[PDB]
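Asks: One structure, pasted below without further comment.
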Number of protein chains: 2
Amino acid sequence: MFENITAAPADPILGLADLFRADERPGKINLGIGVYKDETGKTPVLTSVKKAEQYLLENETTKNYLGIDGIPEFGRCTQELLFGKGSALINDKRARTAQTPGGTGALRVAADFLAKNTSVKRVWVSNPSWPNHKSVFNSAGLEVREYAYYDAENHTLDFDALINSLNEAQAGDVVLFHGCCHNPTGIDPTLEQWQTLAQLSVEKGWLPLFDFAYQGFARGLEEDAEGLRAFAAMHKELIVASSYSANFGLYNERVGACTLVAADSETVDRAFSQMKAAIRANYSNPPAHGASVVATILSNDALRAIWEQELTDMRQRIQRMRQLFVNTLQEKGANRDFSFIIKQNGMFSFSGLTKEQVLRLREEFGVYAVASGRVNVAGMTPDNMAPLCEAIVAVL
Amino acid sequence: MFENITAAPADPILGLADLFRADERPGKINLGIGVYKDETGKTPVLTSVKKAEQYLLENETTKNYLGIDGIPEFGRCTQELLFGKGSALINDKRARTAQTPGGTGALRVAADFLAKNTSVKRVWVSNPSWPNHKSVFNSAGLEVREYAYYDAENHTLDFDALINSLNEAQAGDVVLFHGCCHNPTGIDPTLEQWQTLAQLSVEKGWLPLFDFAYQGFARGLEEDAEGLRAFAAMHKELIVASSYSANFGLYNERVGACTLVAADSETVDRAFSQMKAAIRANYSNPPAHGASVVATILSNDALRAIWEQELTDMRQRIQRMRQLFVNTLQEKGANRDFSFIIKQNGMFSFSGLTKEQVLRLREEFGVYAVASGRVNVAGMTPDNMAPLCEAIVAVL
Ligand SMILES: Cc1ccc(COP(=O)(O)O)c(/C=N/[C@@H](CC(=O)O)C(=O)O)c1O
Ligand SMILES: Cc1ccc(COP(=O)(O)O)c(/C=N/[C@@H](CC(=O)O)C(=O)O)c1O
C-alpha cells in the first residue's frame with residue numbers, strides 16, 4: 001500500500017527546526033518560526049500562565065471530556081476580546097465559539113464546515129500570506145485564489161491592486177483577512193481601509209474569514225480588533241479563527257477558537273450544530289489544559305492584569321528590536337533604507353532578502369530565516385544583533 | 001450563506017451530556033458516555049497524573065511548539081506498549097508514531113493520510129461499532145462498509161458471519177479491528193481467532209487499521225496487545241490509532257497516537273512525511289500537556305508503577321461491577337440470563353435492551369444509556385446498583 005508514496009516537500013517554516021537542531025555550530029541565530037523570545041533568546045512560560053497552572057493543579061478534580069465546543073467561559077472570554085464588551089453580536093446571541101486545537105485547528109474546522117454545509121468553493125488569500133493557509137483550505141477541498149496586497153517598491157499596502165484583484169471574486173466566495181500583524185509583511189490596513197473593505201465586502205457578497213493569530217502585538221488588544229469590529233458592524237455573517245499561542249505564550253498547548261456569526265440566534269445555533277458535527281469527526285473535543293489556563297486568567301482580575309502587562313512587555317520588546325535592527329544595519333554598513341521596518345507590526349517583517357540570500361545566511365553564517373525573506377524580529381536580542389547584522393550586510 | 005443550513009442530528013453519545021446536565025431530578029444515574037467512575041460515582045484525576053503534573057509545573061521552562069509528530073519519548077513509549085520491548089518492528093525502525101489529539105484525532109489523521117496518499121476508497125467496520133467511526137472515515141471521503149460480528153442469540157463473536165462478510169472486501173480495502181474491549185459488545189477475538197484473521201488479512205490483501213482505545217481494560221497491558229502483535233508478526237504494513245484517554249483518565253487532554261508501520265525504514269519514513277503534511281494542514285502540531293504527562297509517567301519507574309496499579313484498580317472495579325450487576329438483576333426479579341455480561345471486556349456491554357426501553361429508562365427513571373442498549377458498567381457503583389436494577393427490571 002505504501003511502496004509508491006512520494007515524500008512530502010519540506011515545510012518551509014516548521015522544517016527549520018530540524019535543520020536548526022541539527023546545526024552543531026555555536027553562534028547560530030534563529031529568526032525562523034514565529035515564536036516570541038525574550039532578551040535572553042528564550043521562550044519562557046509566562047508568569048500569569050504558571051500561576052494559573054498552579055491553581056489548576058490544586059483545584060481540578062477531573063479530566064472528564066469537555067463539550068465538543070470546549071469550555072463555555074473560554075468561549076465567552078474569546079467573544080469579548082474579539083467584539084468588545086457590550087457588542088450587539090454578543091447581546092443578540094449571534095455568535096457561537098468552538099474552542100479548537102490552535103488557530104490552525106480553527107482554520108481547518110472553518111474550512112470543513114464551509115465545504116460540507118455551504119456553497120463555498122474558493123477562498124481568497126493575500127499574496128503573500130502564511131504558506132499553510134493554502135494547505136489547510138485545499139485539505140478541505142476548497143480552491144485557493146490570491147489577491148494582491150503588497151507594494152514591495154514602497155513597502156506599503158497596495159490597496160488599489162488588492163481591490164482590483166478581488167473584483168474577480170464572486171458573491172459567496174470567502175475572503176481571508178489577517179486581523180492585525182499581517183504575516184509576513186507586517187503591513188495592516190488603516191482603520192479607514194478596513195471600513196472601505198467592510199462596505200465593499202457587503203456590496204460584493206463575500207463571506208469574511210478573519211484569521212487573528214496576534215491580537216495585542218500591533219498596538220493593543222482593543223485597537224488590534226478595530227478592523228474585525230468594523231466588519232462585524234456591517235455583516236450578518238462572518239467567521240473568526242483566532243489563536244492564543246503567541247499572546248499567551250501557549251504555542252504547544254494548542255489553544256484557539258473558531259467563532260461563527262450569523263444574522264440571528266436561531267440561524268447561528270443551527271449552523272453551529274454542523275460545526276460541532278465537523279469537529280466530532282476530526283478530533284472529537286478540544287484539549288483542556290491551555291484553554292483552561294486562558295479562561296482562568298481572563299476571568300480573574302489579578303491574573304488578567306499580570307497577563308496584559310506581560311503582553312505589553314512582549315510587544316514593546318519587539319518594537320525595541322525593530323529600532324535596534326534598523327540602527328545596527330546602518331552602522332554595519334548596509335546599503336539601503338530599512339526604516340520601513342520600524343512601522344511594521346507584529347513578530348515579522350520582510351527583510352527584502354532574496355531566497356538565495358536567505359539560503360546563504362543559513363549555510364555560511366548560521367542565521368536562519370524563512371525563504372520568503374521573512375525574519376522573526378522577536379528572535380533578535382541586544383546580544384545577537386551585531387553578528388546578525390554583520391551577516392546580513394555580508395550577503396547584500 | 002448560512003440561512004439554509006439544516007441542523008445536525010443528535011450525537012448519540014456526546015449529546016447525552018446535555019440531556020443529563022439539563023435533567024434536574026436527584027437520583028439520575030449516568031451509564032452513557034465511556035468514562036470510568038470510581039466507587040463514589042466520580043472521575044478523579046489519577047494520582048500518578050497529579051504527580052506528573054506537579055513535576056511538569058516545577059520543571060517546564062517553555063511552551064515552544066512540539067514537532068508535528070509530537071514528543072519523541074511519547075512515540076517510543078507508545079510503540080513499546082503496542083508492540084512489546086524488543087519487537088522486530090522497533091529494532092528494524094519500521095514504525096513511526098505521531099502524537100495526536102486523542103484516539104479520534106489519530107483515526108482522522110489515518111483517514112486523511114490514506115485518502116490523499118493511497119488507493120484506499122473503503123474501510124470495513126464491524127456491525128456494531130462506535131458510531132463515530134463512520135463519521136470520521138466519511139469526513140475524509142472514504143466509504144464505510146460493515147462486517148458482521150455479533151451473534152445476539154448466543155452472545156458470542158459470530159466468526160463465520162464475520163469471515164463471510166469480509167469475503168466481499170477487495171484487496172487494498174482497509175479493515176478496522178478493535179484491539180481489545182470491543183465497543184459496544186465487549187466481545188473480543190480469542191488469540192486463535194486473531195491469528196486466523198491475521199493470516200486471512202495477509203492472504204486477501206487487506207490493510208489492517210487497529211483502534212486501541214482501551215489497552216489494559218480487558219486483561220492487562222501486554223495481554224490486550226496480543227491480537228495486534230499477531231497481526232504485526234504477519235504484515236508488512238498496518239496503522240494503529242491508539243488512545244490514552246481511558247487508561248490514564250486523561251479524556252479532556254486529548255492524548256492519542258497514530259502509528260504507521262511499513263516494510264522497512266526507508267518506506268515508513270517516506271510515507272510518514274505525508275502523514276506529517278496531513279497533520280500540518282489540520283491542527284499543525286499536537287497538545288503537549290497530556291502527552292507530556294504520559295511520557296513522564298511511562299519513562300519513570302516509580303510513576304509507572306503507581307500508574308499500572310491504578311489501571312489494574314480500574315479494571316478490577318469494573319469486573320466487580322459486572323458481577324454485582326448480574327447478581328442484582330436476578331435479585332430484583334429480572335426474567336433472564338445475563339451471565340454473559342461477566343465474560344465481557346471493558347467498560348461496555350450490550351444490555352439487550354431495545355431503543356424504546358432505553359428511552360423509557362431515561363424519561364421515566366432518569367437512568368441514561370445509549371440507544372443501542374450499550375451500558376457503561378464503569379458508571380455503576382454499590383450505591384446506585386439497586387435503583388438502577390429496579391428500573392431495568394421495570395422496563396423489561
Ligand atoms: C497567520 C497565521 C495563522 C495561523 C497560525 C498558526 O498558529 P497556532 O499555533 O495554530 O495557533 C500562524 C502561525 N505562524 C507561525 C508558526 C507556524 O507556522 O506554525 C509562523 O508563521 O512561523 C499564523 O502566522
Ligand atoms: C472504539 C473507540 C475509538 C475511539 C474513541 C475516542 O477516544 P478519544 O477520547 O478520542 O481518545 C472511543 C471513545 N468512546 C467513548 C467516548 C466517545 O464517544 O467520544 C464512548 O464510546 O462513549 C472509542 O470507544
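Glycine is treated like the rest: Cβ placed from N, Cα and C.
Copied straight from Swiss-Prot:
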type: BINDING; residues: A:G34, A:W130, A:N183, A:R374; note: L-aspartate binding site
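I'd like these features described in context: how deep, what's nearby, how far apart.
Replies: For A:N183 (L-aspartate binding site), other Cβ atoms within 10 Å of its Cβ number 20.
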Asks: If you check the binding-site residues A:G34, A:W130, A:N183, A:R374 one by one, which have a CB less than 6 Å away from any atom of ligand 1?
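Replies: From A:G34, A:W130, A:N183, A:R374, counting a Cβ under 6 Å from ligand 1 as near, the near ones are A:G34, A:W130, A:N183.
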Asks: What is the set of residues, excluding A:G34, A:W130, A:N183, A:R374, whose C-beta falls within 8 angstroms of the centroid of the C-beta atoms at the L-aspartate site?
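Replies: Residues close to the L-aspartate site, other than A:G34, A:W130, A:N183, A:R374: A:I13, A:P184, A:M347, A:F348, A:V370.
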Asks: Would you work out the biggest C-alpha to C-alpha distance among A:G34, A:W130, A:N183, A:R374, the residues that bind L-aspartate according to the record, and give it in angstrom as a whole number?
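Replies: Farthest Cα pair among residues binding L-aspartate: 11 Å.
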Asks: Relative to the Cβ position of A:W130 (L-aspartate binding site), how many further Cβ atoms are located within 10 Å?
Replies: 24
Asks: Would you say which of the binding-site residues A:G34, A:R374 has the most Cβ atoms within 10 Å of its own Cβ?
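Replies: Counting every other Cβ within 10 Å of each candidate, the maximum falls on A:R374.
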Asks: Tell me, by DSSP, whether A:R374 (L-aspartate binding site) is helix, strand or coil?
Replies: strand
